[PDB]
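Source file: run31.csv (CSV, N, CA and C atoms and all ligand atoms)
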```csv
chain,number,residue,atom,x,y,z
V,194,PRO,N,-39.4,36.1,38.0
V,194,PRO,CA,-38.4,36.6,38.9
V,194,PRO,C,-37.1,37.1,38.2
V,195,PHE,N,-36.3,38.0,38.9
V,195,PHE,CA,-35.1,38.5,38.3
V,195,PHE,C,-33.9,37.7,38.8
V,196,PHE,N,-33.2,37.1,37.8
V,196,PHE,CA,-32.0,36.4,38.0
V,196,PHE,C,-30.8,37.0,37.3
V,197,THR,N,-31.0,38.2,36.7
V,197,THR,CA,-30.0,38.7,35.8
V,197,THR,C,-28.7,39.1,36.5
V,198,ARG,N,-28.8,39.8,37.7
V,198,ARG,CA,-27.6,40.2,38.4
V,198,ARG,C,-26.8,39.0,38.8
V,199,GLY,N,-27.5,38.0,39.4
V,199,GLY,CA,-26.9,36.7,39.8
V,199,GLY,C,-26.1,36.1,38.6
V,200,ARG,N,-26.8,36.1,37.4
V,200,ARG,CA,-26.1,35.7,36.2
V,200,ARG,C,-24.8,36.4,35.9
V,201,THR,N,-24.9,37.8,36.0
V,201,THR,CA,-23.7,38.6,35.8
V,201,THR,C,-22.6,38.2,36.7
V,202,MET,N,-22.9,38.0,38.0
V,202,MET,CA,-21.9,37.6,38.9
V,202,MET,C,-21.2,36.3,38.6
V,203,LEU,N,-22.1,35.3,38.2
V,203,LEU,CA,-21.6,34.0,37.9
V,203,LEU,C,-20.7,34.0,36.7
V,204,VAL,N,-21.1,34.7,35.6
V,204,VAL,CA,-20.3,34.9,34.4
V,204,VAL,C,-18.9,35.5,34.8
V,205,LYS,N,-19.0,36.6,35.6
V,205,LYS,CA,-17.7,37.2,36.0
V,205,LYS,C,-16.8,36.2,36.7
V,206,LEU,N,-17.4,35.3,37.5
V,206,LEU,CA,-16.6,34.4,38.3
V,206,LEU,C,-16.3,33.1,37.6
V,207,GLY,N,-16.7,32.9,36.3
V,207,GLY,CA,-16.6,31.7,35.7
V,207,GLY,C,-17.4,30.5,36.3
V,208,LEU,N,-18.5,30.9,36.9
V,208,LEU,CA,-19.4,29.9,37.6
V,208,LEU,C,-20.8,29.8,36.9
V,209,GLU,N,-20.9,30.2,35.6
V,209,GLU,CA,-22.2,30.2,35.0
V,209,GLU,C,-22.9,28.8,35.0
V,210,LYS,N,-22.1,27.8,35.2
V,210,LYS,CA,-22.7,26.4,35.3
V,210,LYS,C,-23.7,26.3,36.5
V,211,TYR,N,-23.7,27.3,37.4
V,211,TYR,CA,-24.6,27.2,38.6
V,211,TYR,C,-25.8,28.2,38.4
V,212,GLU,N,-26.0,28.8,37.2
V,212,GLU,CA,-27.2,29.5,36.9
V,212,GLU,C,-28.4,28.6,37.3
V,213,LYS,N,-28.4,27.3,36.8
V,213,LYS,CA,-29.5,26.4,37.1
V,213,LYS,C,-29.7,26.3,38.6
V,214,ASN,N,-28.6,26.1,39.4
V,214,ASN,CA,-28.7,26.0,40.8
V,214,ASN,C,-29.4,27.2,41.5
V,215,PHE,N,-29.0,28.4,41.0
V,215,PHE,CA,-29.7,29.6,41.5
V,215,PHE,C,-31.2,29.6,41.2
V,216,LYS,N,-31.5,29.3,39.9
V,216,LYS,CA,-32.9,29.3,39.5
V,216,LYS,C,-33.7,28.2,40.3
V,217,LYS,N,-33.0,27.1,40.6
V,217,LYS,CA,-33.7,26.0,41.3
V,217,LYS,C,-34.0,26.3,42.7
V,218,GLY,N,-33.0,26.9,43.4
V,218,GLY,CA,-33.2,27.4,44.8
V,218,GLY,C,-33.9,28.7,44.9
V,219,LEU,N,-34.3,29.3,43.8
V,219,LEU,CA,-35.0,30.6,43.9
V,219,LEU,C,-34.1,31.7,44.5
V,220,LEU,N,-32.8,31.6,44.2
V,220,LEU,CA,-31.8,32.6,44.6
V,220,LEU,C,-31.9,33.8,43.6
V,221,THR,N,-33.0,34.5,43.7
V,221,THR,CA,-33.3,35.6,42.9
V,221,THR,C,-32.3,36.8,43.2
V,222,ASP,N,-32.3,37.8,42.4
V,222,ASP,CA,-31.4,38.9,42.6
V,222,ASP,C,-31.6,39.5,44.0
V,223,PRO,N,-32.8,39.7,44.5
V,223,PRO,CA,-32.9,40.3,45.9
V,223,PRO,C,-32.2,39.4,47.0
V,224,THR,N,-31.9,38.2,46.7
V,224,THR,CA,-31.2,37.3,47.7
V,224,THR,C,-29.7,37.5,47.6
V,225,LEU,N,-29.1,38.1,46.6
V,225,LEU,CA,-27.7,38.1,46.4
V,225,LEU,C,-27.0,38.7,47.6
V,226,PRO,N,-27.4,39.9,48.1
V,226,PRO,CA,-26.7,40.4,49.3
V,226,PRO,C,-26.9,39.5,50.5
V,227,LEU,N,-27.9,38.6,50.5
V,227,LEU,CA,-28.3,37.8,51.6
V,227,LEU,C,-27.7,36.4,51.6
V,228,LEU,N,-27.0,36.0,50.5
V,228,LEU,CA,-26.5,34.7,50.4
V,228,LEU,C,-25.7,34.2,51.5
V,229,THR,N,-25.9,33.0,52.0
V,229,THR,CA,-25.1,32.4,53.1
V,229,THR,C,-24.5,31.1,52.5
V,230,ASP,N,-23.5,30.6,53.3
V,230,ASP,CA,-22.9,29.3,52.9
V,230,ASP,C,-24.0,28.2,52.9
V,231,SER,N,-24.9,28.2,53.9
V,231,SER,CA,-25.9,27.2,54.0
V,231,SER,C,-26.8,27.3,52.8
V,232,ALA,N,-27.3,28.5,52.4
V,232,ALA,CA,-28.2,28.6,51.3
V,232,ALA,C,-27.5,28.0,50.0
V,233,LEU,N,-26.3,28.4,49.8
V,233,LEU,CA,-25.6,27.9,48.6
V,233,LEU,C,-25.4,26.4,48.7
V,234,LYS,N,-25.2,25.9,49.9
V,234,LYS,CA,-25.1,24.4,50.1
V,234,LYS,C,-26.4,23.7,49.7
V,235,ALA,N,-27.5,24.3,50.2
V,235,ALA,CA,-28.8,23.8,49.8
V,235,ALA,C,-29.1,23.9,48.3
V,236,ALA,N,-28.4,24.8,47.6
V,236,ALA,CA,-28.5,24.9,46.1
V,236,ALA,C,-27.5,23.9,45.4
V,237,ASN,N,-26.8,23.1,46.2
V,237,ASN,CA,-26.0,22.0,45.6
V,237,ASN,C,-24.8,22.7,44.9
V,238,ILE,N,-24.3,23.8,45.4
V,238,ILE,CA,-23.1,24.4,44.9
V,238,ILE,C,-21.9,24.0,45.7
V,239,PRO,N,-20.8,23.5,45.0
V,239,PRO,CA,-19.7,22.9,45.8
V,239,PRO,C,-18.9,23.9,46.6
V,240,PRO,N,-18.0,23.4,47.5
V,240,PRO,CA,-17.4,24.3,48.4
V,240,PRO,C,-16.6,25.5,47.8
V,241,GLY,N,-15.8,25.2,46.8
V,241,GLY,CA,-15.0,26.2,46.2
V,241,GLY,C,-15.8,27.3,45.6
V,242,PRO,N,-16.7,27.0,44.7
V,242,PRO,CA,-17.6,28.1,44.2
V,242,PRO,C,-18.4,28.8,45.3
V,243,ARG,N,-18.7,28.2,46.4
V,243,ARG,CA,-19.4,28.9,47.5
V,243,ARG,C,-18.5,30.0,48.0
V,244,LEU,N,-17.2,29.7,48.2
V,244,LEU,CA,-16.3,30.8,48.6
V,244,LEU,C,-16.2,31.9,47.7
V,245,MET,N,-16.1,31.6,46.4
V,245,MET,CA,-16.0,32.7,45.4
V,245,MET,C,-17.2,33.6,45.3
V,246,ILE,N,-18.4,32.9,45.4
V,246,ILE,CA,-19.6,33.7,45.4
V,246,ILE,C,-19.7,34.6,46.6
V,247,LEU,N,-19.6,34.0,47.8
V,247,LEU,CA,-19.7,34.8,49.1
V,247,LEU,C,-18.7,35.9,49.1
V,248,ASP,N,-17.5,35.7,48.6
V,248,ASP,CA,-16.5,36.7,48.6
V,248,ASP,C,-16.9,37.8,47.6
V,249,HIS,N,-17.5,37.5,46.5
V,249,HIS,CA,-17.9,38.5,45.5
V,249,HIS,C,-19.0,39.4,46.1
V,250,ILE,N,-19.9,38.8,46.9
V,250,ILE,CA,-21.0,39.6,47.5
V,250,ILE,C,-20.4,40.6,48.5
V,251,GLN,N,-19.4,40.2,49.2
V,251,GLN,CA,-18.8,41.0,50.2
V,251,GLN,C,-18.0,42.2,49.6
V,252,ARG,N,-17.7,42.1,48.3
V,252,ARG,CA,-16.8,43.1,47.7
V,252,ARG,C,-17.5,44.0,46.6
V,253,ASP,N,-18.5,43.4,45.9
V,253,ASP,CA,-19.1,44.2,44.8
V,253,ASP,C,-20.0,45.3,45.4
V,254,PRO,N,-19.8,46.5,45.1
V,254,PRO,CA,-20.7,47.6,45.5
V,254,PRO,C,-22.0,47.6,44.8
V,255,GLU,N,-22.1,47.0,43.6
V,255,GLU,CA,-23.4,46.9,42.9
V,255,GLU,C,-24.3,45.9,43.4
V,256,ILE,N,-23.9,45.1,44.4
V,256,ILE,CA,-24.8,44.1,45.0
V,256,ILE,C,-25.5,44.8,46.1
V,257,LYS,N,-26.8,45.2,45.9
V,257,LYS,CA,-27.5,45.9,46.9
V,257,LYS,C,-27.4,45.4,48.3
K,301,CL,CL,-20.3,20.5,50.6
```
Please re-express this file's structure in structure tokens.
Ligand SMILES: [Cl-]
Amino acid sequence: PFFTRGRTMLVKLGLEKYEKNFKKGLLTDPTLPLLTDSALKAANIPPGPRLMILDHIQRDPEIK
């Protein structure tokens, strides 16, 4: 599976520690535009980082 775009976002946000969480929950690159707070919660990502991720998806034009 492709996790490279998700990695790029996390590095940009200083949240690379959650690469594992994405891989574990199968939050592959095609899921990036679809990410929800519930999905990230199921991936064991704490509240703060959830906000930064969901805000990045809403703003980055390179997120399909
Ligand atoms: Cl929580």
Using only C-alpha atoms - which residues lie no farther than 10 Å from the point (-25.5, 44.9, 47.0) in the file's frame? Write them as a PyMOL selection string. chain V and resi 222-227+250-257
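In this model, the gap between atom N of residue 228 in chain V and CA of residue 247 in chain V comes to 7.5 Å.
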Please determine the residues with any atom at most 8 Å from (-22.9, 25.2, 48.2) (coordinates as given in the file, with all atoms listed in the file counting) and report them as a compact mmCIF listing (two decimals) with N, CA and C atoms, keeping the file's coordinate frame.
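What follows is the written file point-v4.txt:
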```txt
# COMPACT_ATOMS: atom_id res chain seq x y z
N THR V 229 -25.90 33.00 52.00
CA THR V 229 -25.10 32.40 53.10
C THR V 229 -24.50 31.10 52.50
N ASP V 230 -23.50 30.60 53.30
CA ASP V 230 -22.90 29.30 52.90
C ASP V 230 -24.00 28.20 52.90
N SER V 231 -24.90 28.20 53.90
CA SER V 231 -25.90 27.20 54.00
C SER V 231 -26.80 27.30 52.80
N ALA V 232 -27.30 28.50 52.40
CA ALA V 232 -28.20 28.60 51.30
C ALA V 232 -27.50 28.00 50.00
N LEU V 233 -26.30 28.40 49.80
CA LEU V 233 -25.60 27.90 48.60
C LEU V 233 -25.40 26.40 48.70
N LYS V 234 -25.20 25.90 49.90
CA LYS V 234 -25.10 24.40 50.10
C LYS V 234 -26.40 23.70 49.70
N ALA V 235 -27.50 24.30 50.20
CA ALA V 235 -28.80 23.80 49.80
C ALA V 235 -29.10 23.90 48.30
N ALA V 236 -28.40 24.80 47.60
CA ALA V 236 -28.50 24.90 46.10
C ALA V 236 -27.50 23.90 45.40
N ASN V 237 -26.80 23.10 46.20
CA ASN V 237 -26.00 22.00 45.60
C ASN V 237 -24.80 22.70 44.90
N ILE V 238 -24.30 23.80 45.40
CA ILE V 238 -23.10 24.40 44.90
C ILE V 238 -21.90 24.00 45.70
N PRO V 239 -20.80 23.50 45.00
CA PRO V 239 -19.70 22.90 45.80
C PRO V 239 -18.90 23.90 46.60
N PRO V 240 -18.00 23.40 47.50
CA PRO V 240 -17.40 24.30 48.40
C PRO V 240 -16.60 25.50 47.80
N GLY V 241 -15.80 25.20 46.80
CA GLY V 241 -15.00 26.20 46.20
C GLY V 241 -15.80 27.30 45.60
N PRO V 242 -16.70 27.00 44.70
CA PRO V 242 -17.60 28.10 44.20
C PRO V 242 -18.40 28.80 45.30
N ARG V 243 -18.70 28.20 46.40
CA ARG V 243 -19.40 28.90 47.50
C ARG V 243 -18.50 30.00 48.00
N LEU V 244 -17.20 29.70 48.20
CA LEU V 244 -16.30 30.80 48.60
C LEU V 244 -16.20 31.90 47.70
```
Between atom N of residue 197 in chain V and atom C of residue 221 in chain V, what distance in Å does the model show, to one decimal? 6.8 Å
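Between atom CL of ligand CL 301 (chain K) and CA of residue 196 in chain V there is a distance of 23.4 Å.
Every residue of range 199-232 of chain V found in alpha helix (DSSP H) when DSSP is run on the backbone appears here: residues 199, 200, 201, 202, 203, 204, 205, 206, 212, 213, 214, 215, 216, 217, 218, 230, 231 and 232 of chain V.
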Which residues come within 10 Å of residue 212 in chain V, counting only C-alpha atoms, excluding same-chain residues fewer than 3 positions away, as a ChimeraX atom specification? /V:196-197,199-204,208-209,215-217,220
